[PDB]
């Protein structure tokens, strides 16, 4: 019948499984996960496209729970999706997670009743549950956008959409002419895999992606995870506490070559402290990146499209993609880069893709690598309502805001790990997830001990958080990056939410104040 719970968790990714564990095992609550799709792992169950791979190195892209890490070993510094999914299998063997998940349970309505202090939640297939706490751990959905190109139904080959990548069987590209449309991380990853094996490979690029070198390595069979957890982003390092132009030119060059050789996010998060605050410092860094990247590319036309001497946006204002041998692919004669800023795609024929200049690029297989939605899309389809009955879509039509990235005014007893206005895209996920999950767990403990029936962020605390978020961003180069333009003007590009850029140590202090000052920023109601 109707399922009644202490807490209901939506999603079985890193976030929701951590919460299940803390709320069920540590707090001894009655808890279930409603999960939309077939199995655990979140984005790692959902996004199985070729090349899918982490961007944070072992051992950071993992839980810090000793029972989990005890017996696990990783085969390489930056594991792939299949190996992440096998880690989730390990988590389930250790923590016993699957038996408290209901799969194929896509939430499509939530409403809160102030008199009882409980949510009532419905799935698309008709499941219905009630719960005191609602933990919305939906991450970032895929962007399910198929551009209105003419002639797609005439195409004689096949079109795959990284919003629903097949599984069952790998798509073989041997002997095939292929196209990737899109240059976010998804596009970069698919293209690297496919450019290696396809008979011919076209990447359709509107803006260049400023990719950093991964430096992959094979690996072999507590205090350290604790000290890294104290950094800006939760990686092993943070910014170098010096201004760019306080170093001489030669010192800069040698410092940047060291970063670039270590690889991964060193160049982004171990760089000079004014990388993201001074446009000139930023441009000097960029000029380095371009020099190194262009040196890898033999054809001058390809070089200027992939790594222009003038930057397309301030480097580091977005989470950079990583790459292994992407730029080298283009030195093959059958590997092409098509500039769709200049010559947009205007159509598909039976044999290929047609650009505005009427050039036909013949292919057998097309991957649409639209990449991820803003955080907004996925949360708005939940059909959540505030206590006055208003949909979150309507609440947010004029801009989205939150308290701490984790609560929304008028949605009581509802918490959002790994979501907007939180350190999210500027941090290591799992470290933020555990931080928010621990906090949510402590906040629930506190309510249960104090007999608090509901807590709801106040419009004031929300507006104040939004003002801190904005103020931190205003001091950086973020207002000058091209994301905002694209979201406001360009069809298919969703409006992004600002991350909190204050760093995990400040973010922690803001969270702690809630627990130490009597639910500071929330209105409370008692049982």
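Numbering follows the first chain given and starts at 1.
Next item on the list: Check the entry and tell me how many residues of the deposited sequence have no coordinates between residue 221 and residue 222: none, 1 to 3, 4 to 9, or 10 or more.
Entry: Count of unmodelled residues in between: 10 or more.
Check: Which has higher Cα B-factors on average according to the PDB entry: 397-405 or 136-144?
Finding: Taking the mean C-alpha B-factor of 136-144 and of 397-405, the larger value falls to 397-405.
Note to self: Quick check on the record: does 225-233 or 205-213 carry the larger mean Cα temperature factor?
What the structure shows: Of 225-233 and 205-213, the stretch with the higher C-alpha B-factor average is 225-233.
Next item on the list: By the entry's C-alpha temperature factors, tell me which of 371, 316, 412, 437 sits highest.
Entry: Max CA B-factor in the entry, restricted to 371, 316, 412, 437: 371.
Margin query: Given 114, 284, 274, 310, identify the residue with the highest C-alpha B factor in the PDB entry.
Written below: When the deposited C-alpha B-factors of 114, 284, 274, 310 are compared, 114 is largest.
Next item on the list: Give the position of residue 478 by CA B-factor within its chain, expressed as the lowest, middle or highest third.
Entry: Tercile = middle for this residue's CA B-factor.
Margin query: Using the temperature factors of the C-alpha atoms in this entry, rank residue 470 within its chain: lowest, middle or highest third.
Written below: CA B-factor rank for residue 470: middle third.
Next item on the list: Select lowest, middle or highest to describe the third in which the CA B-factor of residue 194 falls within its chain in this entry.
Entry: It belongs to the middle third of the chain when residues are ordered by C-alpha B-factor.
Notebook entry, point to check: C-alpha B factor of residue 61, ranked within the chain: lowest, middle or highest third?
Noted result: Within its chain, residue 61 is a middle-third residue by C-alpha B-factor, going by the deposited values.
Notebook entry, point to check: What third of its chain's C-alpha B-factors does residue 297 belong to: lowest, middle or highest?
Noted result: Its C-alpha B-factor, which the entry lists for residue 297, ranks in the middle third among residues of this chain.
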